[PDB]
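Here the structure comes first, spelled out in structure tokens, and everything after it is commentary.
Protein chains: 2
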Amino acid sequence: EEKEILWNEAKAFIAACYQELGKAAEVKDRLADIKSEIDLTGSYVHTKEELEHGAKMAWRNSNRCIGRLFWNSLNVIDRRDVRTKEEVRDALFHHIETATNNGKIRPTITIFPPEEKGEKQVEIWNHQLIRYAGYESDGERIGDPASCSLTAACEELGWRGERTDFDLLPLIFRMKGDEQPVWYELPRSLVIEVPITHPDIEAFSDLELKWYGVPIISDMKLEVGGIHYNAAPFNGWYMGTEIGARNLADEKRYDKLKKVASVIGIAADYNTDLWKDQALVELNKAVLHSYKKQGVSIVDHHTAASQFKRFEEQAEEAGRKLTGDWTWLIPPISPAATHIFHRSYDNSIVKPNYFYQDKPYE
Amino acid sequence: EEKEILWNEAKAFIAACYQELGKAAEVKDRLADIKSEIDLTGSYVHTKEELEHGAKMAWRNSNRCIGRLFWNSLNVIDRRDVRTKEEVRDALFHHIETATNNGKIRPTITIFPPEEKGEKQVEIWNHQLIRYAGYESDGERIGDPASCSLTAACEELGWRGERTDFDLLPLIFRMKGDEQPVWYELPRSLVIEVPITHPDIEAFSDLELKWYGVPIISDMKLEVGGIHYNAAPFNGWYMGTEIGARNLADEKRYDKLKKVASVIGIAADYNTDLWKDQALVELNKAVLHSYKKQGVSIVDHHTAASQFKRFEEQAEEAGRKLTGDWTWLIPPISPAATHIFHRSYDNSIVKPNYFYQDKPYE
Ligand code: HEM
Ligand code: HEM
Ligand SMILES: Cc1cc(N)nc(COc2cncc(CNCCc3cccc(F)c3)c2)c1
Ligand SMILES: Cc1cc(N)nc(COc2cncc(CNCCc3cccc(F)c3)c2)c1
Ligand SMILES: C[C@H](O)[C@H](O)[C@H]1CNc2nc(N)[nH]c(=O)c2N1
Ligand SMILES: C[C@H](O)[C@H](O)[C@H]1CNc2nc(N)[nH]c(=O)c2N1
Ligand SMILES: [Cl-]
Ligand SMILES: [Cl-]
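These protein sequence lines are chains A and A', in that order. A prime marks a further copy of an entry chain. Just so it is clear: in the first sequence, position 221 is 222 by PDB author numbering, and no numbers are missing. Just so it is clear: in the second sequence, position 284 is 285 by PDB author numbering, and no numbers are missing.
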């Protein structure tokens, strides 16, 4: 059964991949090769062409992603050759450097060896490669609450955070054969951060807010033609609302709205004053302004929605079915000001794609 | 088949209705009565108790409604006794008066005779009892574009609008047996309107915006125990966002955001300035302020969401399954600031309920 699943997915992937690459005449022979290889070894190995396009198709099929217009320009780094934790660490460091690109962010994915018998070769513990630690003890909340369980895990393994609101978590991953993951502190020279200021309101800096430049998802599984790439971190640039409307605004995250209201000089007493709404807008203006002043790539939700419309149009012109998750595609502020809000999307799952997987901690 | 459907729905409704009313011992006899009545006549007649509670259950089951906390206090007016267009007109006039209640809006429903053989006794053409006309000719847009097709229909029948941006449409409905609907102009003394001003920005009045006090949906079908009440208009009070984020903001409605931006003194040139978002917030603050100053009932989306949370809690305590449409329940501004955004809802259809029906025009 396990191998029949692999063969079925491989058949579907290769046909589709080779179609798009105008290599349709080579499907027949390559399928035989794969079929023999699965019979002999219990698996098959992607060509670099197949792997690159698979990772691109996977982004294109990500229903919850508004930034899919640029699926075909994804920078794919092939690291199936790594065998040591030093090599994984350096590959991860390199990803941060080249994706950051001095602020001109390059959408990039680094692909590590895939699962064998469902056996992971490399197991990344980080949710993102760059993220802030979180602490909760004796009514004391510090940092990012979403990071509380990973933070406590790292601190088991001998790491200690400074207990600032923005402690950088170490890279943490486990190798096949090892019982414990290893952790490495991030070189600060690799991590761009942006202080949040407001274009009009000088007092905004009193909040001492900041965020990191590059969101690098490192805990999802990339599936291509029946092959499970459990370790394959990828990044784009931020949409402003992810930071200003969620990361810094959610009560279960940094919960900054009351403080924003105070520094922008409005009362936070009456629901009918819409003070949360006003604070959200100003905080979001601040995030966009700050990233642009520093020369770090970012997109606002209006521009992003316009780009996504072009993605929709391109899908139609290419004769591709479009899939999407309305609940994730709408931005968390002024969603009805985007075209997305006013139409519906088929939330079917097409492969290749990126998938959730169970956390090794918790 | 038609009558078996009626009997099945009746069985399910009466059992549930009489349970909630603590009249469970009377289910058996009432079902026989209904069963005989369907056999003899092809239908059955609700007691006033059944009708009132049915209309209440129907509101409680309305998945897309955030204001369901107050389902049990709905004011039900039984007008199954009407036979003449004069009686329907006066019933409609009365609904507007008593629901408006000098600004202290009473959630009310007026229930007209139900369909017989799927044959309507009364056929209401209005989408809401109080709404603005819309015109489109020679590139000229006036009023509410959502009303363009009904407006053109009324103007076929001898009505003529003043072609102001806020022409009140006449009541328009057709009686069984008549080929054409009749129309009656609304007495202005019955219709409360609210001029939109802003609490801080004096120039806001230059926009000369206004809206009507009471949203009275008059084109949906109320279904109770297999009986189709196609004509049964109902009202609540407005949630502010319905007016400020949709009716006045949508490009396909009044499309006022650029004008709002100008009068609040901000540029409408760059997506990254979030000018639409800022304009939306101020326009929505204006709507809430204006309704409150005039003494007309209204609720903000934060307070409404808090109320809906209590509805959720009450459903659980009563042992009732909760149903809802996430896509309609989230407010169109700052949705992630409400609890609704952060959970999921089962969108199953439970009866009694209100349903869409085909328009007699278009
Ligand atoms: C280039 C800039 C990009 C932008 C602005 C962007 C924007 C977004 C946003 C706003 C979300 C919503 C997630 C949330 O609300 O927390 C999202 C989800 C997602 N994006 Fe993108 N994205 C970009 C690039 C990429 C790339 C390069 C990939 C992968 C190759 C990707 C794959 C995804 C996936 C898988 C999700 C959903 C993750 C989940 O299920 O939780 N995106 N994107
Ligand atoms: C008391 C104040 C009420 C408030 C604040 C309220 C709020 C809302 C809101 C905001 C919507 C969303 C509709 C849209 O986005 O256009 C809605 C939908 C709805 N409400 Fe309510 N509502 C109230 C009372 C009622 C009453 C009395 C009924 C019926 C007895 C009702 C039945 C519905 C129905 C059926 C819908 C969905 C209509 C559709 O499918 O398009 N509501 N409500
Ligand atoms: C590559 C990329 C670029 C960009 N601008 N934004 C993204 C956002 O993608 C994610 C960011 N952060 C977390 C996730 C995954 N979250 C999984 C947990 C979860 C599940 C369901 C709902 C929820 F709110 C949270 C995806 C990814
Ligand atoms: C009773 C009541 C109170 C209150 N505050 N708000 C409401 C709102 O309910 C509606 C208001 N206006 C129109 C409708 C029905 N719209 C049907 C057309 C439609 C279908 C699907 C999507 C859409 F945007 C529009 C319901 C109803
Ligand atoms: C059909 C499409 O999802 C459309 O934009 C929906 C979204 N959710 C909504 N929510 C509300 N409250 N009102 C609406 O008219 C809609 N329209
Ligand atoms: C599961 C629940 O619907 C939750 O609030 C969803 C809604 N849509 C979302 N949309 C985005 N972009 N990000 C999220 O985390 C969520 N969470
Ligand atoms: Cl993030
Ligand atoms: Cl309305």
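Here a beta-carbon is modelled for each residue, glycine too, at the ideal position from N, C-alpha and C.
Under the three-state reduction of DSSP output, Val83(A) falls in the coil class, being neither helix nor strand. Secondary structure note for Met58(A'): it is in no beta strand (DSSP E), and the uninterrupted alpha helix (DSSP H) holding it is 49 to 61. Taking 8 Å as the cut-off between beta carbons, the residues of the region 267 to 282 of chain A near chain A' are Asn272, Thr273, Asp274, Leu275, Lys277, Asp278, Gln279, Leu281, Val282, in sequence order. A residue is called buried once 16 or more other Cβ atoms fall within 10 Å of its Cβ, and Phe356(A'), having fewer, is exposed. Here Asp251(A') is buried, its C-beta having at least 16 other C-beta atoms within 10 Å. Taken in chain order, the complete alpha helix (DSSP H) segments of 4 or more residues contained in the region 72 to 159 of chain A are 86 to 101, 149 to 157.
Chain A' has a Cβ within less than 8 Å of the Cβ of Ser335(A).
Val282(A') and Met58(A) have their alpha carbons spaced roughly 39 Å apart. With a cutoff of 7 Å, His290(A) does not count as near ligand 5, since its C-beta is closer than that to no heavy atom of the ligand. Spatial neighbours of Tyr255(A') in its own chain (CB-CB distance under 6 Å, excluding positions within 5 residues in sequence) are listed in chain order as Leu249. Short note on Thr328(A'): C-beta closer than 7 Å to some heavy atom of ligand 5. In this structure, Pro216(A') has its CB closer than 7 Å to one or more heavy atoms of ligand 8.
Non-local C-beta neighbours of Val300(A) in its own chain, meaning closer than 8 Å and more than five positions away in sequence, comprise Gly68, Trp238, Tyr239, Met240, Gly241, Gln308, ordered along the chain.
The closest heavy atom of ligand 6 lies less than 7 Å from the beta carbon of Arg344(A'). For a Cβ distance threshold of 8 Å, residue set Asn272, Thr273, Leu275 of chain A' lies close to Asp301(A), ordered along the chain. The residue from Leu169(A), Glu53(A), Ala269(A), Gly43(A) with its alpha-carbon nearest to that of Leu22(A) is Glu53(A). Here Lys177(A') carries a coil assignment [DSSP, helix/strand/coil]. If only uninterrupted beta strand (DSSP E) runs of at least 3 residues are considered, those enclosed by the region 174 to 227 of chain A are 183 to 185, 194 to 196, 211 to 213, 222 to 225. Under DSSP, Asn354(A') forms a beta bridge with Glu224(A'). In the three-state reduction of the DSSP assignment, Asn236(A') falls in the strand class, which pools E and B. One Cα belongs to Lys360(A'), the other to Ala56(A'), and the distance between them is close to 22 Å. No heavy atom of ligand 8 is found nearer than 7 Å to the CB of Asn127(A'). Residue pairing by DSSP puts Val300(A) in a beta bridge opposite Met240(A).
Residue-level contact check: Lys121(A') does not touch chain A, since none of the beta carbons of chain A fall below 8 Å from its beta carbon. The alpha-carbon of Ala316(A) is positioned some 12 Å away from that of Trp72(A). As DSSP reads the structure, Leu172(A) sits in a beta bridge with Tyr185(A). Inclusion of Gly237(A) in the 7 Å shell around ligand 1 follows from its C-beta lying nearer than that to a non-hydrogen atom of the ligand.
A distance below 7 Å between beta-carbons, with the five flanking residues on each side excluded, links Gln279(A') to the following residues of its chain, in chain order: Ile267.
DSSP, read as helix, strand or coil, puts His340(A) in coil.
In this structure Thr101(A') is buried. Its beta-carbon is surrounded by 16 or more other beta-carbon atoms within 10 angstroms.
When the Cα atoms are used, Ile193(A') and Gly214(A') turn out to be separated by approximately 5 Å. Flagged as an interface residue toward chain A: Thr304(A'), by a C-beta distance shorter than 8 Å. Between the region 12 to 29 of chain A' and the region 83 to 101 of chain A, the count of Cβ pairs shorter than 8 Å is below three; the stretches do not touch. Interface criterion not met: the Cβ of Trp8(A) is under 8 Å from no Cβ in chain A'.
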